[PDB]
Structure formats: C-alpha cells, structure tokens
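For reference, the structure discussed in these notes is given below.
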Amino acid sequence: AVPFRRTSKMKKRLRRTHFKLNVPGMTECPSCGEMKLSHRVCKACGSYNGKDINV
Amino acid sequence: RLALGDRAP
Amino acid sequence: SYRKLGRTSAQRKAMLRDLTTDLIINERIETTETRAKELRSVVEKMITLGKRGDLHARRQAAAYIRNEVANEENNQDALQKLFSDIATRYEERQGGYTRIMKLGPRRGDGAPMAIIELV
Amino acid sequence: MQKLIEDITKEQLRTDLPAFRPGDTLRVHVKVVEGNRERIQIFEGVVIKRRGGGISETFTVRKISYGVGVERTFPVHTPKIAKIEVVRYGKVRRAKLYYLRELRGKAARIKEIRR
Amino acid sequence: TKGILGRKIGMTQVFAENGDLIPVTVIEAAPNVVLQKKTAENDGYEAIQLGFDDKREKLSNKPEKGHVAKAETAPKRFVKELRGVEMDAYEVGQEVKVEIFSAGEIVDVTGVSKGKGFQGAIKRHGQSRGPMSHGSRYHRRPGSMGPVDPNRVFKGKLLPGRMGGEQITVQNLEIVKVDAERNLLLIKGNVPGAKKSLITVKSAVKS
Amino acid sequence: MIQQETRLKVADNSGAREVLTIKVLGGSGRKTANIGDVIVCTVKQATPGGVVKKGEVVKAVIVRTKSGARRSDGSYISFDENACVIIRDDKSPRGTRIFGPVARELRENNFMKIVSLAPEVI
RNA sequence: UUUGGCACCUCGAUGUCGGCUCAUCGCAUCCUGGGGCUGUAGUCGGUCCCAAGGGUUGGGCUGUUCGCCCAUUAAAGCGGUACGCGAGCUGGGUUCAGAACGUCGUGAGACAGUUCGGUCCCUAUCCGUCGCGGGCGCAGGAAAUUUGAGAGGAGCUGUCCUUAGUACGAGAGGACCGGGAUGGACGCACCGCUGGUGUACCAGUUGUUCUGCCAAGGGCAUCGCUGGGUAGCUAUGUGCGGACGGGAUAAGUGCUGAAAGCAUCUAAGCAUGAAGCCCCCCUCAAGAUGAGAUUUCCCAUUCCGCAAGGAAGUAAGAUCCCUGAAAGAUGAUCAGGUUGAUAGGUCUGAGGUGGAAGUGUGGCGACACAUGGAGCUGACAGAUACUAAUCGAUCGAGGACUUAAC
Ligand SMILES: [K+]
Ligand SMILES: [K+]
Ligand SMILES: [K+]
Ligand SMILES: [K+]
Ligand SMILES: [K+]
Ligand SMILES: [K+]
Ligand SMILES: [K+]
Ligand SMILES: [Mg+2]
Ligand SMILES: [Mg+2]
Ligand SMILES: [Mg+2]
Ligand SMILES: [Mg+2]
Ligand SMILES: [Mg+2]
Ligand SMILES: [Mg+2]
Ligand SMILES: [Mg+2]
Ligand SMILES: [Mg+2]
Ligand SMILES: [Mg+2]
Ligand SMILES: [Mg+2]
Ligand SMILES: [Mg+2]
Ligand SMILES: [Mg+2]
Ligand SMILES: [Mg+2]
Ligand SMILES: [Mg+2]
Ligand SMILES: [Mg+2]
Ligand SMILES: [Mg+2]
Ligand SMILES: [Mg+2]
Ligand SMILES: [Mg+2]
Ligand SMILES: [Mg+2]
Ligand SMILES: [Mg+2]
Ligand SMILES: [Mg+2]
Ligand SMILES: [Mg+2]
Ligand SMILES: [Mg+2]
Ligand SMILES: [Zn+2]
C-alpha cells in the first residue's frame with residue numbers, strides 16, 4: 001500500500017498537532033535552588049529529601 | 001509473481 | 001507478577017544474581033530503575049537468610065550468591081559478608097533493607113537510572 | 001485465602017473424617033438413593049489425589065472393578081459419604097498418583113506402612 | 001423492585017440440604033444508605049439513590065460532603081440509583097441492609113465485566129481460525145471485510161479492540177444464604193467482575 | 001465425550017467387539033455424547049459367530065467413558081475406557097450379558113435391563 | 001441467478017474456477033408462527049394465502065459448482081452482493097516453460113482430451129470498519145447522580161410425561177386445545193467444581209563442567225529431561241439467557257349494516273387475529289450544537305481601562321510528579337501518595353510440593369529409617385510504616401443582553 005495522493009502541507013501540520021514534547025516535571029531543589037526532576041536526586045548538588053546522596 | 005497473470009489465457 | 005527485563009529466564013536469573021552480589025559487596029550500585037525495583041525483593045530475601053544464620057540458610061544463599069571477593073584485605077566472600085556484616089547490621093530492622101533513589105535518564109538510550117543501596 | 005470465606009463455610013466442614021493421604025486405601029461408604037430407598041454402597045480403592053482447600057477440597061479414589069479402572073472424585077466434606085475408613089496406609093513418593101492409571105496388577109501395587 | 005450495592009468477595013460452595021453442591025458468589029454489602037429521593041415533581045422520575053462503602057475524609061470533597069449531609073452519613077464510595085422501588089417505603093438517611101433479601105429469592109446481578117485489554121477477533125467475537133497448515137497464512141485474522149459492491153465496509157464488521165470492562169447483567173440468580181451479621185449475600189452461580197468490584201443486586205425484573 | 005469417529009469397546013456379548021461412532025443422536029449440530037446417550041455406529045471388529053456382524057450399522061448406548069460424568073452432589077465418576085452396549089429401539093440390549101461396571105446415569109435414562117444385567121453399577 | 005446476442009467501460013493489466021474466513025441482502029418460504037380450500041374422519045398430507053424474527057447438520061466420492069450416497073435433523077430453502085470476499089488465506093483445477101499417452105500432422109508441432117511436476121509480491125496515504133485518547137463547545141467555575149431523542153443486541157427449536165389410549169375411527173391407529181418436565185444449537189458471565197496452561201513454585205533424574213575436596217550446591221544441554229502445580233488467563237467446566245406479557249396489525253374470521261325491500265365483513269360503525277411490527281428484556285447514549293435534568297460545593301478578589309474588554313493572584317476543584325492494579329499497546333481507567341496499607345520487604349497464613357540440610361541409627365554397600373506432614377515456596381489472604389509513594393509546582397470562577405413573571 002502506497003499513498004494515493006501526496007499529503008498537503010496543511011494535513012501534515014494537522015497530524016503534527018500532537019507531535020510535541022512536554023515541559024519536564026521539574027521543581028526547584030530546596031538545597032541548591034537549581035531545577036530538578038520531582039522525585040529524583042538533584043544532579044547539581046546530589047541532594048534528595050534534604051540529605052546529600054553522593055557522599 | 002503469477003504463472004500466467006491477470007485474466008490469464 | 002514480576003518483570004522480565006528484556007531477558008530470557010536464565011539470563012534474567014544470571015543478571016539478578018550478579019546484581020545481588022554487586023550490591024552486597026559495594027553496598028550501593030547504580031543501575032536502570034526497573035532493574036533496581038526487581039533487585040529489591042531478591043536482595044532483601046538474601047538478607048533474610050543471612051539474618052537466619054543457620055547452615056541451611058547459608059546453603060540456600062550459596063545457591064544464589066556469586067563466588068566473588070567482598071574484601072581483599074580479609075579474604076571475605078560475598079556470602080561471608082552477607083552472613084556476618086550485612087546480617088548483623090540489620091538484626092533489629094524488620095524488612096526494607098534497601099532503598100531506591102531515582103537519578104534521571106542516561107545519555108545513550110534515555111534509560112531512567114537509579115541508585116539502590118543498603119539502608 | 002480470605003478468613004471470610006473460611007468463616008462462612010466452617011460450619012459445613014466435617015470433623016469426623018480420618019487423616020488420609022494419596023496412596024492410602026479407603027473404604028468410602030457412599031449414601032445412594034436408587035428408587036425411594038436409601039442404602040450404602042462401599043467404594044474401596046487407592047487415594048490417587050487430594051486437591052484444593054477448605055470446603056472445596058476434593059479427593060479421588062481408584063479401583064479396578066471387573067477388569068476396568070474406575071475413579072470416583074468426592075468433595076472431602078460431602079454429606080453424601082456416611083464414613084471413610086482407612087484400610088491400609090501406603091508408601092508413596094508424591095502427592096498425585098496419576099502414574100497408577102497406566103499400571104494394572106503387580107505393577108500397580110503400593111507397599112504398606114506400619115502407621 | 002428492591003436492591004442493594006455490595007462488593008464481590010469471591011466464590012466458594014455450599015452443600016444444600018438435599019446434599020447438592022451449590023457454587024456461590026459472596027457479596028459483602030455493608031448497610032447501604034438512602035442519600036436522595038428523586039421524585040416525578042422535582043426530577044421527572046421516581047428513584048432512590050443508594051450510597052455504599054464509607055470513604056475516608058481525605059478522599060472526599062466538599063461537594064460530596066454536602067450531598068450526604070441530609071442523609072447524615074459519611075461520604076460514600078459508590079452511589080447508584082434504583083428505579084421501580086416503592087417511594088413511600090424509603091426515607092433519606094434510611095439504611096438498606098442485606099436482610100431485604102431472603103434465601104430462595106430470585107435476583108438480577110449487575111457489574112462491570114473483568115477487563116481483557118486489546119483482543120483479536122478469535123477471542124473477542126468467537127470467530128473461527130483459518131487452517132493452521134495446508135499452506136495457510138490465515139490463522140487468527142478477522143475474515144473478509146465484506147463484498148466489493150458498496151466500496152466500503154458496513155457498520156458492525158466485528159474487529160479487534162478493547163474487550164471486557166462492560167456492564168453486564170446476569171438474570172435470575174437465586175439467593176442461597178443471607179448472613180445479616182457479616183452483611184453477606186451468597187448467590188448461586190457466578191456474577192460479572194473482578195474481586196472487590198461493585199455489584200448491584202436487584203430483585204429480578206422477570207419475576 | 002464421544003464424537004463422530006470415536007471408537008468404543010462393546011461391553012456386551014452381542015458379537016460386536018469395537019464400534020465406530022457414526023452420529024451422536026438428539027439434535028442437529030450435536031457434537032458430543034456422554035454416558036447414557038445413544039449413538040449410531042458401525043461395527044468395526046466382531047467376534048466370529050456373534051449375532052451382531054462386522055459392518056452393521058447399529059444403535060448403542062454409552063455406559064462408560066474416560067471423560068466420565070458429574071453428579072449433583074459435586075462428585076464425579078470416570079472410567080479407564082469408553083464403552084457402549086448395542087441396543088434395540090426400545091433400549092433393551094441385543095446381547096444377553098453386560099461386561100464391566102456401568103454408570104448409575106443409565107438408571108436416570110431408563111436403561112433398566114442394562115443396569116440389571118451389569119456386574120456393578122457405580 | 002443460465003446459455004447466449006451485442007461489443008458500450010476496462011488490453012500504459014478491472015487476477016481468472018472451487019474451497020476457507022467474514023458476512024450481508026431479496027423472498028419466488030426449507031423449518032418454526034397464523035390461516036383458506038381439500039378427493040381434510042383421526043394421525044399424516046396436498047394446494048394456495050400471510051409471514052424474512054430466528055434457524056437452516058456432520059460425513060464418503062470428485063479440483064470440482066453440482067450431483068449421488070451414509071447418518072442425522074424442526075428444517076437440511078432458492079437466489080443476489082465483480083459467478084460477494086486472493087493489497088484477507090488456499091492454489092486442487094484452470095492458465096507458461098519439462099515429460100508422457102491416445103490422436104491428428106510428412107514435419108516443426110497440436111488437442112476446454114488425459115497424465116506426473118511446476119515462484120501467489122506490497123511497511124495502509126485517504127475514505128471505510130473496530131477500539132482508544134487529546135481539544136474546544138454546551139453564557140460562572142466545580143464534584144457526583146441521571147432522563148432517554150436516538151442506536152445496537154437478543155429473537156431458533158426438539159423430545160418426553162400429562163390431558164388421553166380421551167375426541168376421531170370397522171379396525172389399524174390416534175389428536176387439537178391446555179398443563180408440566182427436560183434437552184440440542186446459540187449467546188453472556190465466571191473459575192467454586194472438573195480439567196488445560198502455568199519458562200523467578202516443589203520434587204526426581206542423565207551427561208559434563210565449576211564452587212579446592214567430601215557432603216551440599218551452581219552452570220549448560222528445548223524450561224536438559226521427567227512427575228506435580230499457585231495466581232492469572234481459560235473450555236471441554238459452572239451459572240444464567242431467548243420468560244411472562246402489553247399495544248397495533250397481515251392473511252383469515254367476523255358482528256352490525258345500507259347502497260341494492262333481499263343478500264352482503266364495508267360504504268358509516270364495531271371486533272378478532274401471526275415466530276412478524278411497536279414495546280416489554282439486555283447494552284451504549286445529551287457533540288440530542290435541540291449540547292437536557294437533579295443534588296451538592298465555591299463566591300463575587302486585585303490591577304489595567306471612558307467603558308467595551310484585558311491582565312494577575314486565587315476559591316471550590318483538578319493536574320503535573322510518585323506507589324501501583326481489579327485497568328492497560330500508549331493515552332485512559334481505578335486504588336493510593338505519610339492522620340498513608342498503594343507497592344515491596346517483614347511476620348502470620350492459604351495453597352503447592354512431598355519429607356530439607358545437618359546429625360544419628362541400621363546396612364559390606366546402593367540405600368533405609370529417625371529427628372519432623374519436614375524443608376522450600378512467583379503472582380493468593382491478613383497484619384505490620386521497615387523501604388519507596390519527598391520537597392514542589394501548575395491549572396482553575398467573579399458569571400453578556402432582551403423581554404416576561406416575581
Ligand atoms: K484488458
Ligand atoms: K494471492
Ligand atoms: K484490491
Ligand atoms: K479517499
Ligand atoms: K478453574
Ligand atoms: K451535556
Ligand atoms: K533429613
Ligand atoms: Mg537453559
Ligand atoms: Mg493439598
Ligand atoms: Mg472451524
Ligand atoms: Mg503460519
Ligand atoms: Mg458509495
Ligand atoms: Mg458499433
Ligand atoms: Mg493504469
Ligand atoms: Mg410471500
Ligand atoms: Mg454469470
Ligand atoms: Mg467471485
Ligand atoms: Mg480483493
Ligand atoms: Mg496446480
Ligand atoms: Mg504419424
Ligand atoms: Mg487449450
Ligand atoms: Mg480430443
Ligand atoms: Mg430510545
Ligand atoms: Mg483458585
Ligand atoms: Mg486449575
Ligand atoms: Mg559430590
Ligand atoms: Mg560453562
Ligand atoms: Mg558450551
Ligand atoms: Mg448538562
Ligand atoms: Mg505491605
Ligand atoms: Zn540541588
């Protein structure tokens with residue numbers, strides 16, 4: 001099966017309506033103030049839940 | 001891939 | 001249920017045994033998160049044997065733990081460490097000998113990584 | 001299993017049954033109702049399995065009758081059994097004796113225990 | 001009409017007096033509460049709204065709390081209406097209990113069928129496989145989509161898709177036992193849904 | 001669970017030793033017959049000199065099966081073999097003796113002569 | 001629906017028989033429902049009328065369609081849909097190249113004559129079909145519960161007993177109508193039962209290799225093989241369904257009744273009467289833009305603006321993120337997120353396996369017995385904050401105008 005007609009620019013753009021990234025689930029790190037992914041160790045300073053991990 | 005083809009003899 | 005981790009039964013057993021011994025020796029490893037989550041139960045059940053301490057328990061553990069050096073100074077095996085150091089540490093604690101902390105995706109394949117460590 | 005299912009069904013568990021396990025030979029006294037009359041037919045045979053829990057537990061007994069194997073599976077706690085009596089305790093090495101289905105005669109013999 | 005809401009606990013079996021072994025479903029229905037009476041004047045039809053299963057306060061919201069104030073009860077997890085009931089027989093706040101039913105009573109039971117996820121035409125619609133050998137490359141496929149002439153597939157050509165998770169009524173089940181202390185109905189046979197799922201038990205419509 | 005092509009031992013002295021099931025009787029698309037059901041069948045093996053001969057089409061009632069049968073009390077009966085008894089249209093056996101145990105289910109279906117002739121009814 | 005006639009579309013290809021899979025439509029009805037006539041006593045039938053709701057078998061032979069046959073069945077309908085359906089399958093036949101027979105031909109070769117053999121490609125763009133989300137709408141923002149326009153589903157039928165050996169009949173035989181019981185096929189649900197599976201459950205066992213050795217174990221050999229098996233998923237297993245009725249009708253039967261002093265079911269008028277029609281039963285359903293209803297919650301903030309509008313922070317509430325499963329392709333759904341049992345672990349069970357290791361005793365030994373229904377045990381139950389569901393952040397009203405009744 002092959003396309004019977006080429007897809008117009010418009011139909012290509014309508015299809016790509018939902019082809020997007022979302023903003024990360026990010027929050028300010030209470031330790032160092034850099035943004036971190038919620039529920040992950042903060043990469044910048046290595047803190048999680050008010051404790052240093054990378055000790 | 002047919003032996004003869006469409007609307008064969 | 002339980003996870004398959006993209007591996008055949010035998011491969012998956014081999015890998016869980018490897019990771020289990022790695023975490024006994026090192027006390028903290030980094031791995032994919034889904035591996036960490038599978039490893040918790042398997043490791044905590046080895047610590048339960050260690051805490052039992054009897055010969056039957058030790059041989060059950062010997063069927064799982066790998067034959068690796070946990071301490072070059074003392075010539076201590078992973079099994080010997082499990083049954084001495086780890087078991088003693090967790091005498092009073094009732095389960096939950098490990099914790100998983102999530103790190104975020106690794107470059108290379110976006111795999112969500114995690115630290116699993118003994119508590 | 002839920003304590004709740006256990007509790008609803010406890011009253012219907014029979015207490016009067018002897019302990020038996022697969023390989024034991026029972027006489028199972030079965031209430032039978034041919035016509036309006038009631039009578040006891042005895043089924044004597046080897047216990048070949050015992051599966052399930054609580055009120056749902058069943059057991060299966062096997063006998064050769066007139067050169068034909070016959071199995072009867074009963075609910076352990078059926079009231080249709082007047083009584084079970086253990087004739088002899090067998091020595092077997094497993095829970096399910098399905099290998100007996102293919103054996104007849106001397107090959108199908110089970111050694112007795114001094115129990 | 002009468003009815004109650006419970007959870008499906010599971011199945012077991014019960015010996016009858018004649019010695020028959022009856023498979024049963026255990027429904028645990030702690031006393032339901034009448035939360036609202038819909039009337040022909042106000043609502044355009046007569047029904048009662050039964051609440052079932054107390055929910056923790058954290059899990060409630062202010063709109064829920066307010067709705068159950070008149071019935072003077074904790075917020076309820078499951079709320080369903082019963083039509084066809086005797087309106088005068090019920091009051092807001094009234095407890096509806098398993099002992100509305102009695103052993104031998106014929107009921108209809110309604111619940112959501114267990115979910116099966118995306119299923120093919122063999123499992124979902126009970127279609128035949130094509131041959132497994134003799135050169136077949138037609139095993140678990142759904143069959144011709146239809147004739148040429150319409151230049152289209154008619155509605156109701158059955159195909160793969162999500163199976164289960166549907167409301168299902170089983171009619172004319174018999175109450176085997178009512179246990180008022182434990183808030184249990186024991187119903188002969190099997191009923192829709194997973195364990196812990198909400199079951200509605202109603203007096204049978206064809207009685 | 002007896003269907004077209006199932007072969008059965010014959011549990012009687014009618015002359016037939018083995019029959020092949022031609023048809024489960026009692027409804028249009030009926031796949032399977034069980035204890036107490038009647039089947040049409042052809043005689044595949046016969047005892048020399050018997051009444052029933054090889055190749056005869058005959059009716060038979062199933063009296064034992066491996067699948068067996070469930071009873072209302074929640075008990076089951078199974079046998080090591082599938083067997084039937086050649087009958088006339090009135091349910092009387094064409095032979096004079098029945099071999100091996102038959103199931104109680106034959107009483108329910110009013111095969112009384114068979115039940116009486118059988119060495120055991122379980 | 002046939003064989004054809006014609007040669008109008010298609011030869012820069014409209015794959016061509018049969019079967020399989022999936023149907024759907026017509027009615028000229030095969031069965032079941034209702035009837036009229038009968039050379040209809042009864043039981044059976046014949047013939048015509050209404051009726052398309054549902055149903056309408058498995059085999060032997062043949063590529064076969066068809067047909068004949070076996071055995072059933074209430075019945076084994078006839079046709080249409082590109083001789084329905086090959087970007088769904090098959091490829092026996094037909095329809096290439098090889099070879100052969102009969103036959104024809106001097107020959108090369110030829111034959112809707114036969115014979116043995118002979119490559120079936122395609123990642124779905126659009127509409128369409130089946131599922132599942134996101135968006136906005138529905139004159140405030142929310143949380144639930146709903147009405148049902150409308151749509152889909154279901155719709156089959158046997159046998160026995162009884163009425164009754166009654167009616168009918170010389171007998172042979174043998175009913176209607178009406179009760180009751182129990183099936184077949186089909187469908188829905190579900191795993192307590194019977195079984196199936198069950199690759200992180202238990203056990204036995206071969207070879208070799210490793211843990212130094214013994215003992216005890218690990219690895220590989222299809223999960224090495226073999227015997228069992230929990231949860232889950234399941235059918236062949238269990239439960240349940242098509243009940244009981246309304247309304248209006250078809251053919252048919254009429255009642256009263258004139259036109260037409262009679263007669264006449266019809267013209268006025270009034271009935272009756274089908275498995276069919278509309279309901280009743282089951283499911284979806286307000287994007288039903290005609291956007292419905294009920295209950296409950298929030299509450300009228302601040303700043304820009306001449307207002308009209310606009311912006312911001314919020315309420316009720318929801319979400320991100322996280323623990324997950326009863327849910328699941330992914331989204332979604334549902335249970336939870338620390339005054340929390342959501343998951344793991346832990347402890348206690350259930351079920352499964354079937355008697356651990358160690359030690360002892362007996363035996364020359366293989367092994368047996370004891371300690372001890374032991375040991376081990378994924379998914380199942382209960383309990384328990386030990387571990388992880390941290391800390392956060394984001395979104396989300398202030399309600400237009402007119403008229404009428406207050
Ligand atoms: K052409
Ligand atoms: K093809
Ligand atoms: K095509
Ligand atoms: K198109
Ligand atoms: K099951
Ligand atoms: K709406
Ligand atoms: K031992
Ligand atoms: Mg392997
Ligand atoms: Mg057991
Ligand atoms: Mg098939
Ligand atoms: Mg294949
Ligand atoms: Mg069109
Ligand atoms: Mg011309
Ligand atoms: Mg072209
Ligand atoms: Mg007609
Ligand atoms: Mg044609
Ligand atoms: Mg065609
Ligand atoms: Mg096509
Ligand atoms: Mg061919
Ligand atoms: Mg010549
Ligand atoms: Mg030719
Ligand atoms: Mg010729
Ligand atoms: Mg409607
Ligand atoms: Mg179970
Ligand atoms: Mg099972
Ligand atoms: Mg050794
Ligand atoms: Mg090796
Ligand atoms: Mg190798
Ligand atoms: Mg609305
Ligand atoms: Mg827990
Ligand atoms: Zn930081």
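Quick one: of E:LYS8/E:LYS58; C:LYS102/E:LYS114; F:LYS44/F:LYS113; C:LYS51/C:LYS102, which pairs are farther than 30 Å apart, Cα to Cα?
Table pairs above 30 Å Cα-Cα are C:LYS102/E:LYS114.
Spin-label point model (7 Å from Cα, Cβ direction): what's the F:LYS54 to E:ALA16 distance in nm?
5.0
May I ask for the percentage of alpha-carbon pairs in chain C that lie more than 24 Å from each other?
Summing the P(r) tail past 24 Å for chain C gives 26 percent.
Which semi-axis lengths, in whole Å and largest first, follow from the square roots of five times the eigenvalues of the Cα gyration tensor of the protein assembly as shown?
Semi-axis lengths for the protein assembly as shown are 56, 39, 36 Å.
Taking the Cα-to-Cβ direction at A:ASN54 and at F:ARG88 and moving 7 Å from each Cα, how far apart do the two end points lie in nm?
Result: 9.9 nm between the two label points.
Once you've got the Cα coordinates, tell me which of D:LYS91/F:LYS66; F:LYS9/F:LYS53; A:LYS11/E:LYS155 are over 18 Å apart.
Long pairs (Cα-Cα over 18 Å): D:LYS91/F:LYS66; A:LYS11/E:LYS155.
Residues of the range C:3-34 with amide nitrogen under 11 Å from the 7 Å Cα-to-Cβ point of C:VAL119?
No residue qualifies, since no backbone N sits under 11 Å from the label point.
If I take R0 = 51 Å and measure r between the Cβ atoms of F:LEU25 and D:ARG94 in this structure, what FRET efficiency does the formula 1/(1 + (r/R0)^6) give, to the nearest 0.05?
0.75
Show me C:105-113, F:13-21, A:44-52, F:57-65 ranked by packing, highest mean number of other Cβ atoms within 10 Å first.
Those peptides, ordered most packed to least, come out F:57-65, F:13-21, A:44-52, C:105-113.
Could you calculate, for the range D:2-115, the ratio of the Cα radius of gyration to the Kirkwood radius, expressed as Rg to Rh? All intermediate terms of the calculation are to be shown ahead of the outcome.
Numbers: Rg = 15.3 Å, Rh = 15.3 Å.
A ratio of 1.00.
With r as the distance between the Cβ atoms of A:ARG6 and C:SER1 and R0 = 56 Å, compute the FRET efficiency 1/(1 + (r/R0)^6) and round to 0.05.
On the way: r = 47 Å, r/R0 = 0.83.
Efficiency at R0 = 56 Å is approximately 0.75.
Peptide D:5-11: average number of partner chain Cβ atoms within 10 Å per residue?
Counting Cβ atoms of other protein chains within 10 Å of each residue's Cβ and averaging gives 4.
Taking the Cα-to-Cβ direction at E:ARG152 and at C:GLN80 and moving 7 Å from each Cα, how far apart do the two end points lie in nm?
Output for this residue pair reads 8.0 nm.
Expressed as cubic angstrom per residue, what is the convex hull volume of the alpha carbon set of chain F? Please report the intermediate quantities before stating the final value.
Numbers: hull volume 12.0 nm³, N = 122.
That works out to 99 Å³ per residue.
Convex hull over the Cα atoms of chain E, averaged projected area in nm²? It would help to have the intermediate numbers written out before the result.
Values: hull surface 76.4 nm².
Dividing the Cα hull surface by four gives the mean projection, 19.1 nm².
Quick one: which of A:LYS51/E:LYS55; E:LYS2/E:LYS196; D:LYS63/F:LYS54 span more than 26 angstrom between C-alpha atoms?
A:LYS51/E:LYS55; D:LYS63/F:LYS54, as the Cα separations exceed 26 Å there.
For chain C, take the longest principal axis of its alpha carbons; what is the angle in degrees between that and the long axis of helix C:9-26, to the nearest 10 within 0 to 90?
Helix C:9-26 sits roughly 60 degrees off the main axis of chain C.
Read-outs: derived from the displayed coordinates by stated rules, not from any lab. Don't worry about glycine lacking a Cβ; one is built from the backbone with ideal geometry, like all the others, and counts go over all protein chains shown.
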